file model.tsv (TSV, C-alpha atoms)
chain	number	residue	atom	x	y	z
A	1	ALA	CA	96.81	-95.25	-48.43
A	2	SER	CA	94.68	-93.51	-45.74
A	3	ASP	CA	94.65	-91.69	-42.38
A	4	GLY	CA	92.20	-94.52	-41.37
A	5	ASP	CA	95.02	-97.05	-41.83
A	6	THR	CA	97.42	-95.03	-39.58
A	7	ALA	CA	94.63	-94.53	-37.00
A	8	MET	CA	93.66	-98.22	-36.80
A	9	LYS	CA	97.32	-99.42	-36.72
A	10	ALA	CA	98.03	-96.98	-33.86
A	11	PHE	CA	94.88	-98.07	-32.00
A	12	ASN	CA	95.91	-101.77	-32.22
A	13	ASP	CA	99.55	-100.97	-31.28
A	14	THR	CA	98.33	-99.02	-28.22
A	15	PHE	CA	95.39	-101.11	-26.99
A	16	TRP	CA	95.28	-104.65	-28.53
A	17	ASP	CA	96.30	-107.66	-26.34
A	18	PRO	CA	97.29	-110.52	-28.67
A	19	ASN	CA	97.75	-112.87	-25.64
A	20	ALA	CA	94.16	-112.52	-24.25
A	21	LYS	CA	92.77	-111.66	-27.78
A	22	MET	CA	91.03	-108.60	-26.16
A	23	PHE	CA	91.50	-104.81	-26.14
A	24	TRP	CA	92.99	-103.29	-23.03
A	25	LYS	CA	90.70	-100.72	-21.35
A	26	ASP	CA	93.51	-98.16	-21.36
A	27	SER	CA	97.14	-97.57	-22.51
A	28	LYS	CA	98.59	-98.84	-19.17
A	29	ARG	CA	97.59	-102.39	-20.43
A	30	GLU	CA	96.25	-103.55	-16.99
A	31	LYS	CA	92.57	-104.57	-17.33
A	32	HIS	CA	90.68	-105.62	-20.47
A	33	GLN	CA	87.79	-103.71	-22.00
A	34	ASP	CA	84.24	-104.02	-20.61
A	35	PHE	CA	81.96	-106.64	-22.27
A	36	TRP	CA	79.61	-104.47	-24.32
A	37	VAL	CA	82.28	-101.93	-25.37
A	38	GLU	CA	84.39	-104.82	-26.68
A	39	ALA	CA	81.58	-105.60	-29.22
A	40	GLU	CA	81.85	-101.96	-30.39
A	41	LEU	CA	85.64	-102.29	-30.80
A	42	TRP	CA	84.91	-105.56	-32.69
A	43	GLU	CA	82.78	-103.57	-35.11
A	44	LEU	CA	85.52	-100.93	-35.47
A	45	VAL	CA	87.91	-103.73	-36.55
A	46	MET	CA	85.25	-104.74	-39.09
A	47	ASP	CA	84.78	-101.14	-40.34
A	48	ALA	CA	88.54	-100.70	-40.76
A	49	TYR	CA	88.67	-104.16	-42.55
A	50	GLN	CA	86.07	-102.87	-45.05
A	51	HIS	CA	87.70	-99.39	-45.36
A	52	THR	CA	91.36	-100.32	-45.91
A	53	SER	CA	93.05	-101.36	-49.14
A	54	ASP	CA	96.44	-101.93	-47.30
A	55	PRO	CA	96.95	-105.70	-47.88
A	56	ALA	CA	98.83	-106.29	-44.59
A	57	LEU	CA	96.23	-104.36	-42.55
A	58	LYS	CA	93.30	-106.00	-44.45
A	59	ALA	CA	94.51	-109.59	-43.66
A	60	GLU	CA	95.47	-108.64	-40.02
A	61	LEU	CA	92.03	-107.12	-39.38
A	62	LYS	CA	90.18	-110.07	-40.97
A	63	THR	CA	92.04	-112.42	-38.59
A	64	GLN	CA	91.41	-110.06	-35.68
A	65	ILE	CA	87.61	-110.35	-36.30
A	66	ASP	CA	87.97	-114.08	-35.29
A	67	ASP	CA	90.46	-113.39	-32.47
A	68	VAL	CA	88.23	-110.75	-30.75
A	69	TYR	CA	85.38	-113.34	-30.64
A	70	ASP	CA	87.70	-116.11	-29.32
A	71	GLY	CA	89.11	-113.85	-26.55
A	72	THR	CA	85.61	-112.84	-25.41
A	73	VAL	CA	84.28	-116.51	-25.54
A	74	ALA	CA	87.37	-117.66	-23.56
A	75	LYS	CA	86.41	-115.34	-20.71
A	76	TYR	CA	82.57	-115.01	-20.77
A	77	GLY	CA	81.48	-118.26	-22.58
A	78	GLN	CA	79.53	-118.71	-25.87
A	79	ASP	CA	76.07	-118.25	-24.22
A	80	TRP	CA	75.51	-114.62	-23.14
A	81	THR	CA	71.79	-115.13	-22.31
A	82	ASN	CA	72.55	-115.30	-18.48
A	83	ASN	CA	73.60	-111.59	-18.67
A	84	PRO	CA	70.71	-109.57	-17.15
A	85	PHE	CA	71.46	-106.66	-19.59
A	86	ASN	CA	69.54	-107.25	-22.83
A	87	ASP	CA	71.69	-104.47	-24.40
A	88	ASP	CA	74.88	-106.53	-23.66
A	89	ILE	CA	73.35	-109.50	-25.45
A	90	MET	CA	72.19	-107.45	-28.42
A	91	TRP	CA	75.50	-105.51	-29.01
A	92	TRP	CA	77.21	-108.89	-29.39
A	93	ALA	CA	74.33	-110.35	-31.49
A	94	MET	CA	74.72	-107.38	-33.91
A	95	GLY	CA	78.54	-107.80	-34.01
A	96	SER	CA	78.09	-111.53	-34.68
A	97	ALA	CA	75.77	-110.89	-37.64
A	98	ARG	CA	78.38	-108.54	-39.17
A	99	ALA	CA	81.18	-111.09	-38.50
A	100	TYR	CA	79.11	-113.66	-40.41
A	101	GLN	CA	78.73	-111.29	-43.40
A	102	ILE	CA	82.52	-110.81	-43.58
A	103	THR	CA	83.82	-114.35	-42.72
A	104	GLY	CA	80.96	-116.81	-43.73
A	105	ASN	CA	81.81	-118.67	-40.46
A	106	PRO	CA	78.54	-120.45	-39.38
A	107	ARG	CA	79.39	-119.97	-35.65
A	108	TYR	CA	78.64	-116.21	-36.08
A	109	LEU	CA	75.20	-116.68	-37.70
A	110	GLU	CA	74.28	-119.16	-34.84
A	111	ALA	CA	75.51	-116.67	-32.21
A	112	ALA	CA	73.64	-113.76	-33.88
A	113	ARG	CA	70.34	-115.61	-34.42
A	114	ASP	CA	70.26	-117.42	-31.06
A	115	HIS	CA	71.03	-114.24	-29.04
A	116	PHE	CA	68.72	-111.99	-31.07
A	117	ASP	CA	65.84	-114.57	-30.81
A	118	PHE	CA	66.30	-114.85	-26.98
A	119	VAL	CA	65.98	-111.05	-26.53
A	120	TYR	CA	63.24	-110.36	-29.12
A	121	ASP	CA	61.13	-113.52	-28.55
A	122	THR	CA	61.18	-113.23	-24.71
A	123	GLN	CA	61.77	-109.47	-23.93
A	124	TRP	CA	59.36	-107.85	-26.45
A	125	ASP	CA	56.25	-106.81	-24.46
A	126	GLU	CA	53.00	-104.97	-25.30
A	127	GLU	CA	51.71	-104.55	-21.67
A	128	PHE	CA	54.00	-101.55	-20.91
A	129	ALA	CA	54.28	-98.63	-23.40
A	130	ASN	CA	52.28	-100.48	-26.15
A	131	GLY	CA	55.44	-102.31	-27.27
A	132	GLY	CA	59.18	-102.40	-26.96
A	133	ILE	CA	62.01	-104.56	-25.56
A	134	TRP	CA	62.83	-104.39	-21.84
A	135	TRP	CA	66.30	-103.06	-20.80
A	136	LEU	CA	66.88	-106.04	-18.46
A	137	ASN	CA	65.77	-109.64	-18.48
A	138	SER	CA	65.67	-109.64	-14.63
A	139	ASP	CA	63.55	-106.68	-13.53
A	140	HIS	CA	61.13	-105.00	-16.02
A	141	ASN	CA	60.90	-101.24	-15.12
A	142	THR	CA	62.23	-99.49	-18.30
A	143	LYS	CA	62.48	-99.91	-22.10
A	144	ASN	CA	65.59	-98.25	-23.55
A	145	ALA	CA	66.89	-96.80	-26.84
A	146	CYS	CA	70.18	-98.63	-26.27
A	147	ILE	CA	68.45	-102.04	-26.54
A	148	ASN	CA	65.57	-101.30	-28.97
A	149	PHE	CA	67.43	-99.56	-31.86
A	150	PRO	CA	70.43	-101.98	-31.72
A	151	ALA	CA	67.82	-104.78	-31.86
A	152	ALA	CA	66.28	-103.30	-35.00
A	153	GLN	CA	69.79	-103.09	-36.53
A	154	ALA	CA	70.59	-106.69	-35.58
A	155	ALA	CA	67.29	-107.77	-37.14
A	156	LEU	CA	68.19	-105.92	-40.36
A	157	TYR	CA	71.54	-107.70	-40.61
A	158	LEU	CA	69.79	-111.01	-39.95
A	159	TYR	CA	67.23	-110.28	-42.69
A	160	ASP	CA	70.07	-109.37	-45.12
A	161	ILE	CA	71.82	-112.69	-44.26
A	162	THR	CA	68.83	-115.09	-44.06
A	163	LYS	CA	66.26	-113.45	-46.43
A	164	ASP	CA	63.81	-114.58	-43.67
A	165	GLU	CA	61.01	-111.96	-43.69
A	166	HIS	CA	60.51	-112.66	-39.94
A	167	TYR	CA	63.65	-110.49	-39.32
A	168	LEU	CA	62.32	-107.63	-41.50
A	169	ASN	CA	59.03	-107.85	-39.61
A	170	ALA	CA	60.93	-107.67	-36.29
A	171	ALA	CA	63.15	-104.74	-37.40
A	172	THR	CA	60.08	-102.87	-38.59
A	173	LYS	CA	57.98	-103.56	-35.47
A	174	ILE	CA	60.87	-102.51	-33.12
A	175	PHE	CA	61.72	-99.37	-35.09
A	176	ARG	CA	58.08	-98.32	-35.49
A	177	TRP	CA	57.55	-98.61	-31.74
A	178	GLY	CA	60.81	-96.85	-30.96
A	179	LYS	CA	60.11	-93.92	-33.29
A	180	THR	CA	56.65	-93.59	-31.66
A	181	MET	CA	57.55	-94.05	-27.95
A	182	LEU	CA	61.31	-93.19	-27.81
A	183	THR	CA	61.46	-90.08	-30.08
A	184	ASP	CA	59.71	-86.75	-30.44
A	185	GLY	CA	58.83	-87.73	-34.06
A	186	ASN	CA	61.26	-85.01	-35.24
A	187	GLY	CA	64.63	-86.77	-34.87
A	188	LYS	CA	65.28	-86.46	-31.10
A	189	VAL	CA	65.83	-89.93	-29.62
A	190	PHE	CA	64.85	-90.31	-25.97
A	191	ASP	CA	67.04	-92.42	-23.67
A	192	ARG	CA	64.26	-94.68	-22.27
A	193	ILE	CA	60.67	-94.91	-21.09
A	194	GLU	CA	60.21	-95.96	-17.44
A	195	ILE	CA	57.05	-97.27	-15.78
A	196	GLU	CA	57.13	-94.73	-12.88
A	197	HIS	CA	57.89	-91.43	-14.69
A	198	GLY	CA	57.52	-92.18	-18.41
A	199	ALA	CA	59.80	-90.92	-21.16
A	200	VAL	CA	63.28	-89.59	-20.29
A	201	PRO	CA	64.05	-87.15	-23.15
A	202	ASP	CA	67.89	-87.15	-22.63
A	203	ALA	CA	69.50	-87.49	-26.09
A	204	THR	CA	72.99	-88.95	-26.65
A	205	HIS	CA	75.36	-89.75	-29.51
A	206	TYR	CA	74.95	-93.53	-29.40
A	207	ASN	CA	71.13	-93.48	-29.37
A	208	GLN	CA	71.01	-90.97	-32.25
A	209	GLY	CA	73.44	-93.31	-33.97
A	210	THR	CA	71.50	-96.62	-33.68
A	211	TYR	CA	68.26	-94.88	-34.62
A	212	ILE	CA	69.95	-93.39	-37.73
A	213	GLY	CA	71.48	-96.76	-38.63
A	214	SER	CA	68.22	-98.69	-38.26
A	215	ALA	CA	66.32	-96.04	-40.28
A	216	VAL	CA	68.93	-96.20	-43.11
A	217	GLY	CA	68.74	-100.00	-42.99
A	218	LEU	CA	64.94	-99.98	-43.18
A	219	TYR	CA	65.16	-97.55	-46.15
A	220	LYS	CA	67.46	-99.97	-47.95
A	221	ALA	CA	65.36	-103.10	-47.07
A	222	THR	CA	61.92	-101.57	-47.92
A	223	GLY	CA	62.57	-98.60	-50.28
A	224	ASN	CA	60.12	-96.53	-48.14
A	225	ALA	CA	61.41	-92.92	-48.30
A	226	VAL	CA	59.97	-92.15	-44.81
A	227	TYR	CA	62.87	-94.13	-43.27
A	228	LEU	CA	65.48	-91.97	-45.10
A	229	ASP	CA	63.60	-88.87	-43.87
A	230	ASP	CA	63.65	-90.26	-40.32
A	231	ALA	CA	67.46	-90.67	-40.55
A	232	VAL	CA	67.96	-87.14	-41.96
A	233	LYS	CA	65.78	-85.59	-39.21
A	234	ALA	CA	67.81	-87.45	-36.52
A	235	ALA	CA	71.12	-86.36	-38.13
A	236	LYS	CA	69.86	-82.70	-38.14
A	237	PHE	CA	68.95	-82.95	-34.47
A	238	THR	CA	72.41	-84.40	-33.71
A	239	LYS	CA	74.39	-81.70	-35.56
A	240	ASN	CA	72.45	-78.77	-33.94
A	241	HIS	CA	72.19	-80.21	-30.37
A	242	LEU	CA	74.95	-82.76	-29.52
A	243	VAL	CA	77.75	-80.34	-30.48
A	244	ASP	CA	79.74	-77.53	-28.80
A	245	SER	CA	79.24	-73.91	-29.85
A	246	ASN	CA	81.74	-74.44	-32.73
A	247	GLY	CA	79.78	-77.48	-34.19
A	248	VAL	CA	82.24	-80.14	-32.95
A	249	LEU	CA	80.44	-83.21	-31.56
A	250	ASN	CA	80.26	-83.07	-27.70
A	251	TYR	CA	82.26	-85.00	-25.10
A	252	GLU	CA	79.80	-87.12	-23.06
A	253	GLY	CA	82.38	-88.20	-20.46
A	254	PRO	CA	83.03	-88.75	-17.69
A	255	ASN	CA	80.24	-91.39	-17.84
A	256	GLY	CA	82.18	-94.53	-18.92
A	257	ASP	CA	79.41	-95.86	-21.17
A	258	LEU	CA	78.81	-92.55	-22.97
A	259	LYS	CA	82.39	-91.23	-23.26
A	260	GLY	CA	83.10	-93.43	-26.35
A	261	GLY	CA	79.59	-93.07	-27.87
A	262	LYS	CA	80.81	-90.91	-30.80
A	263	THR	CA	82.18	-94.27	-32.05
A	264	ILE	CA	78.64	-95.67	-32.56
A	265	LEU	CA	77.40	-92.28	-33.85
A	266	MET	CA	80.12	-91.87	-36.49
A	267	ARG	CA	79.67	-95.54	-37.63
A	268	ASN	CA	75.95	-94.83	-38.39
A	269	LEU	CA	76.40	-91.24	-39.72
A	270	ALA	CA	78.73	-92.79	-42.34
A	271	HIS	CA	75.81	-95.00	-43.57
A	272	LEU	CA	73.57	-91.98	-44.06
A	273	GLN	CA	76.39	-89.98	-45.67
A	274	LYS	CA	77.05	-92.72	-48.23
A	275	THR	CA	73.33	-93.22	-49.04
A	276	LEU	CA	72.75	-89.49	-49.63
A	277	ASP	CA	76.01	-88.96	-51.58
A	278	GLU	CA	75.24	-91.97	-53.85
A	279	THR	CA	71.49	-91.39	-54.41
A	280	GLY	CA	71.42	-87.53	-54.73
A	281	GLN	CA	68.53	-87.46	-52.20
A	282	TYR	CA	68.37	-84.42	-49.81
A	283	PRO	CA	71.09	-82.72	-51.85
A	284	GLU	CA	71.10	-79.43	-49.77
A	285	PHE	CA	71.39	-81.37	-46.51
A	286	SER	CA	73.91	-83.85	-48.00
A	287	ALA	CA	76.31	-81.02	-48.87
A	288	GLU	CA	75.99	-79.41	-45.38
A	289	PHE	CA	76.24	-82.86	-43.72
A	290	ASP	CA	79.40	-83.80	-45.62
A	291	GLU	CA	81.04	-80.45	-44.75
A	292	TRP	CA	80.17	-80.89	-41.03
A	293	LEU	CA	81.46	-84.52	-40.96
A	294	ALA	CA	84.72	-83.42	-42.65
A	295	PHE	CA	85.07	-80.54	-40.16
A	296	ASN	CA	84.57	-82.88	-37.19
A	297	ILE	CA	87.11	-85.45	-38.54
A	298	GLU	CA	89.64	-82.63	-39.18
A	299	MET	CA	89.18	-81.19	-35.63
A	300	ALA	CA	89.48	-84.63	-33.94
A	301	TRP	CA	92.68	-85.52	-35.83
A	302	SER	CA	94.15	-82.10	-35.19
A	303	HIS	CA	94.33	-83.29	-31.50
A	304	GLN	CA	96.22	-86.56	-32.12
A	305	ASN	CA	99.26	-87.24	-29.88
A	306	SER	CA	102.68	-88.31	-31.27
A	307	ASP	CA	101.45	-91.95	-31.35
A	308	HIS	CA	98.42	-90.92	-33.55
A	309	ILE	CA	95.95	-91.53	-30.66
A	310	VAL	CA	93.02	-89.11	-30.27
A	311	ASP	CA	91.26	-88.76	-26.87
A	312	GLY	CA	87.46	-88.58	-27.12
A	313	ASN	CA	87.36	-84.94	-25.93
A	314	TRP	CA	87.79	-83.64	-29.51
A	315	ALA	CA	87.83	-79.97	-28.25
A	316	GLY	CA	91.45	-80.53	-26.89
A	317	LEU	CA	94.80	-84.97	-23.63
A	318	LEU	CA	98.24	-84.43	-22.06
A	319	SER	CA	97.85	-86.73	-19.00
A	320	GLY	CA	99.71	-89.53	-20.89
A	321	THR	CA	96.89	-92.15	-20.18
A	322	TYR	CA	94.40	-92.85	-23.04
A	323	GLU	CA	91.28	-95.11	-22.88
A	324	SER	CA	90.38	-97.48	-25.77
A	325	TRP	CA	86.61	-96.55	-25.75
A	326	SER	CA	87.17	-92.77	-25.66
A	327	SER	CA	89.98	-93.03	-28.27
A	328	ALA	CA	87.99	-95.27	-30.64
A	329	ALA	CA	85.70	-92.56	-32.04
A	330	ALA	CA	88.45	-90.78	-34.02
A	331	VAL	CA	89.59	-94.12	-35.54
A	332	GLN	CA	85.96	-94.89	-36.45
A	333	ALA	CA	85.60	-91.36	-38.02
A	334	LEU	CA	88.46	-92.19	-40.45
A	335	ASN	CA	87.07	-95.69	-41.25
A	336	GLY	CA	83.47	-94.88	-42.20
A	337	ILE	CA	81.55	-97.29	-44.52

call {"tool": "encode", "arguments": {"input": "model.tsv", "output": "structure tokens"}}
result
Amino acid sequence: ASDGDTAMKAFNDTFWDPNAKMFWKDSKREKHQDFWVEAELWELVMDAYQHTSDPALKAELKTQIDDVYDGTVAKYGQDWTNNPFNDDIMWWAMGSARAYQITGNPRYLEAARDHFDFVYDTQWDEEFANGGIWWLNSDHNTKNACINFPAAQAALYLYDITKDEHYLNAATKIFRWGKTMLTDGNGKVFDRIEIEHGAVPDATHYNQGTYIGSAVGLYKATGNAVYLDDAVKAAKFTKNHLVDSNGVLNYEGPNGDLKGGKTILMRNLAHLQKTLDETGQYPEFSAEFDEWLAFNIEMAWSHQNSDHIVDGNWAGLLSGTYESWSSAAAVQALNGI
């Protein structure tokens, strides 16, 4: 049995809508979650499905993988390519690849491949910044970490599924460009690069996270040690910069997109943690990293309410109203794979 079980059960009890097959945005159960965040809650369901050995929770979560998809398709349709936000398309392409791995349901591989191919085949460009995927498919003014590294990750899942080297080539070309043009080369991931004023070196949890995850995935697909080093350097930056003075990961609210970003960070830190624990690579860092992760999980869960819900401000919420994105990160932290 696990604290991850309790945390995921509580999350579903608080925020899941079995009628609309969608998460509520908050504990008042009034409006459903925003499109892209819903794909990140979809992945938390998947993470908890992989983490749990509770037979009731395992079967519920496996069903819920299908339900989340059906709720979203019922509202937004099956074809997300009319969404101007390439990031929206890619967060759901990545979720769909993972759903295929778990379920074997062909609809998910079609959704993943079709949506990924639309973004990468049409939104990759070498005229601005020597490479990279555009943020939007309407106006082309910026290329962003929050599309490019998720795209590398989606490509890696698609290579794992298909064994089509095209997807390894894509993952590698996207990551290589992103490391060059959206990082300092030393683990700091820049938000975006804009035509007018160039690189915007604002780092955040979710962009550290997708860079770490795509580097770990490239390490596993290629065996090239540089990708594991890239992940370690980005984890070091995260733990010394995106933390309070006590070492607890930051709160990036009140921005609605960022406030839940620890969810995506913790998901990807878990991949690095597992690779280093299992391989005995970077043993000094691995030990420090594991201690810091344990410390963060302990501090988050120390601030659970009586319903076992943890607000995303892990430094301290007594207002009675909890949000599903902000609250997700603590559940993710206890469901790492």

call {"tool": "closest_residue", "arguments": {"input": "model.tsv", "among": "A:325, A:227, A:149, A:116", "to": "residue 39 in chain A", "atoms": "only C-alpha atoms"}}
result
A:325

call {"tool": "closest_residue", "arguments": {"input": "model.tsv", "among": "A:57, A:152, A:171, A:22", "to": "residue 10 in chain A", "atoms": "only C-alpha atoms"}}
result
A:57

call {"tool": "residues_around", "arguments": {"input": "model.tsv", "residues": "residue 213 in chain A", "least_positions_apart": "2", "cutoff": "9 Å", "atoms": "only C-alpha atoms", "output": "list in words"}}
result
residues 149, 150, 153, 208, 209, 210, 211, 215, 216, 217, 218, 231, 265, 267, 268, 269, 271 and 272 of chain A

call {"tool": "atom_distance", "arguments": {"input": "model.tsv", "atom1": "CA of residue 312 in chain A", "atom2": "CA of residue 326 in chain A"}}
result
4.4 Å

call {"tool": "residues_around", "arguments": {"input": "model.tsv", "residues": "residue 144 in chain A", "least_positions_apart": "5", "cutoff": "8 Å", "atoms": "only C-alpha atoms", "output": "ChimeraX atom specification"}}
result
/A:133-135,182,191-193

call {"tool": "closest_residue", "arguments": {"input": "model.tsv", "among": "A:225, A:147, A:8, A:189", "to": "residue 282 in chain A", "atoms": "only C-alpha atoms"}}
result
A:225

call {"tool": "residues_around", "arguments": {"input": "model.tsv", "residues": "residue 232 in chain A", "least_positions_apart": "2", "cutoff": "10 Å", "atoms": "only C-alpha atoms", "output": "compact mmCIF listing (two decimals) with C-alpha atoms, in the frame of the given file"}}
result
# COMPACT_ATOMS: atom_id res chain seq x y z
CA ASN A 186 61.26 -85.01 -35.24
CA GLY A 187 64.63 -86.77 -34.87
CA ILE A 212 69.95 -93.39 -37.73
CA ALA A 215 66.32 -96.04 -40.28
CA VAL A 216 68.93 -96.20 -43.11
CA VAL A 226 59.97 -92.15 -44.81
CA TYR A 227 62.87 -94.13 -43.27
CA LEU A 228 65.48 -91.97 -45.10
CA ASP A 229 63.60 -88.87 -43.87
CA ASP A 230 63.65 -90.26 -40.32
CA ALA A 234 67.81 -87.45 -36.52
CA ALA A 235 71.12 -86.36 -38.13
CA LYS A 236 69.86 -82.70 -38.14
CA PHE A 237 68.95 -82.95 -34.47
CA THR A 238 72.41 -84.40 -33.71
CA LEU A 269 76.40 -91.24 -39.72
CA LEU A 272 73.57 -91.98 -44.06
CA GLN A 273 76.39 -89.98 -45.67
CA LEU A 276 72.75 -89.49 -49.63
CA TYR A 282 68.37 -84.42 -49.81
CA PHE A 285 71.39 -81.37 -46.51
CA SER A 286 73.91 -83.85 -48.00
CA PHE A 289 76.24 -82.86 -43.72

call {"tool": "atom_distance", "arguments": {"input": "model.tsv", "atom1": "CA of residue 29 in chain A", "atom2": "CA of residue 16 in chain A"}}
result
8.7 Å

call {"tool": "atom_distance", "arguments": {"input": "model.tsv", "atom1": "CA of residue 188 in chain A", "atom2": "CA of residue 203 in chain A"}}
result
6.6 Å

call {"tool": "closest_residue", "arguments": {"input": "model.tsv", "among": "A:21, A:9, A:140, A:205", "to": "residue 243 in chain A", "atoms": "only C-alpha atoms"}}
result
A:205

call {"tool": "residues_around", "arguments": {"input": "model.tsv", "residues": "residue 247 in chain A", "least_positions_apart": "2", "cutoff": "12 Å", "atoms": "all atoms listed in the file", "output": "ChimeraX atom specification"}}
result
/A:236,238-245,249-250,288-289,291-297,299,314-315

call {"tool": "closest_residue", "arguments": {"input": "model.tsv", "among": "A:118, A:305, A:18, A:101", "to": "residue 80 in chain A", "atoms": "all atoms listed in the file"}}
result
A:118

call {"tool": "closest_residue", "arguments": {"input": "model.tsv", "among": "A:117, A:129, A:122, A:32", "to": "residue 167 in chain A", "atoms": "only C-alpha atoms"}}
result
A:117

call {"tool": "residues_around", "arguments": {"input": "model.tsv", "residues": "residue 1 in chain A", "least_positions_apart": "4", "cutoff": "10 Å", "atoms": "only C-alpha atoms", "output": "JSON, numbers by chain"}}
result
{"A": [5, 6, 52, 53, 54]}
